[PDB]
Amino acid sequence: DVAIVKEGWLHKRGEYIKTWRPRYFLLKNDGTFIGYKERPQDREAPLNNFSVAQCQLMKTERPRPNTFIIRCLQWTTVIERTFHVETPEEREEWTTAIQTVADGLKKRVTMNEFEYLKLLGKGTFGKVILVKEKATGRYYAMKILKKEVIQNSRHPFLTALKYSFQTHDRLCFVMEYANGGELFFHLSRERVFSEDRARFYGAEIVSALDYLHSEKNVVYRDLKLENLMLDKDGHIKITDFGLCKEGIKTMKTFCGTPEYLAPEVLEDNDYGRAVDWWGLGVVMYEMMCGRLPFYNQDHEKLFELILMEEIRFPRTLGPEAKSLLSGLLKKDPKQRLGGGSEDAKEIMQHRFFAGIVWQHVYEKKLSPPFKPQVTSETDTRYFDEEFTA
């Protein structure tokens, strides 16, 4: 039943390097809108990252004429993809096709109950906020999004969406906020993790990535050290505090920092589940080596570093760790560990994760190698000022 409704060359604006790139886009009746560097001769499981389901289409003349924007709410994050064609007629042909398929797929808690503590981050369509529920004393991160531009599922290593409510102009997502401290703060304080400790953190991330891939059919895409926290027990919590942010202008405009970006994501080429395995490679590389894989100031260099410079490893690192990182950090997704049809299983069966019972990881049977210094989830120790040191 999966068929191509409309295809052709578009000009997609880079998602991280905001330049225009010619990409051949395939629109399918399942709602997938994928772009490729070259016309593909041709995983098969549809990724919701490219889905046009429940998306509003906007025709703009800024920043470039004949521009149409696809805006989608994915879980709790508003994403935008900006496209450009040569003639207005072409743009109408595309928007009508997309809107048709988007419709073809269509087949009391308030703000006063929380206390504002800290601004975690701000973006184009809203802000993220650290709150403390007055009643329970629990700590949460609240995503306040603009309503204009716009619970049943759970996993032990993902920041759970506790509840969602909306005001007259704002949509709010209340998520669990772990109080075991930022993982980069722990890695910064202890310099390097032992292979055993990194295996623990690594194993829990793999489980959550498998969940997002096989169950939710989604790519996390932003796996980095900054997006990892520990709970009071020292178990990993991958966060969901991301926001759409406009780029910043050496004279070029970039969206975020590239050091963790998979090569196929930098080039705005086709990407899949293999992206998170790169992300896992970067994270695990830093835990066991105490530094980022590629590092250079000039972004022109940093891009090349990720794109062409191949990773080298410390001699004090075990061969089992080498094999894992080497495969995880293959520049080509199809050669990358976990980039096959087996996905996560390709990694769970790796020598580095030998002896690890993967049902035990999911059920948190594994005893954490590190226990945060908190009495309870309400212990505000890792929010305090000595968090500086």
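All residue numbers refer to positions in the sequence shown, first residue = 1. Between two forms, the rigid core is the largest collection of C-alphas that superpose within 1.5 Å.
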Higher-deviation segment by CA RMS in 8 other deposited structures of this protein, core fitted, 91 to 99 or 213 to 221: 91 to 99
Farther-lying stretch by C-alpha RMS in 8 other deposited structures of this protein, rigid core as reference, of 356 to 364 and 31 to 39: 31 to 39
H235 not built in a third or more of the other entries: no
Other entries modelling both neighbours but not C255, at least a third: yes
Where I150 meets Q151 in the shown sequence, the number of deposited residues left unmodelled: 10 or more
Count class of coordinate-free deposited residues lying between the neighbours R189 and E190: none
Higher-scoring stretch by recorded Cα B factor average, 258 to 266 or 175 to 183: 258 to 266
Given 329 to 337 and 316 to 324, the range whose Cα B-factors average higher in the PDB entry: 316 to 324
From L223, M111, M288, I144, residue of greatest CA B-factor: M111
Criterion, highest CA B-factor; candidates, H299, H213, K237, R199: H299
Where the record places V361 (Cα B-factor, split into thirds across the chain): middle
Assigned third (lowest, middle, highest) for the C-alpha B factor of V85: middle
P293 by Cα B-factor - lowest, middle or highest third of the modelled chain: middle
Chain-wide C-alpha B factor ranking for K118, given as lowest, middle or highest third: middle
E133, C-alpha B-factor rank within chain (lowest, middle or highest third): middle
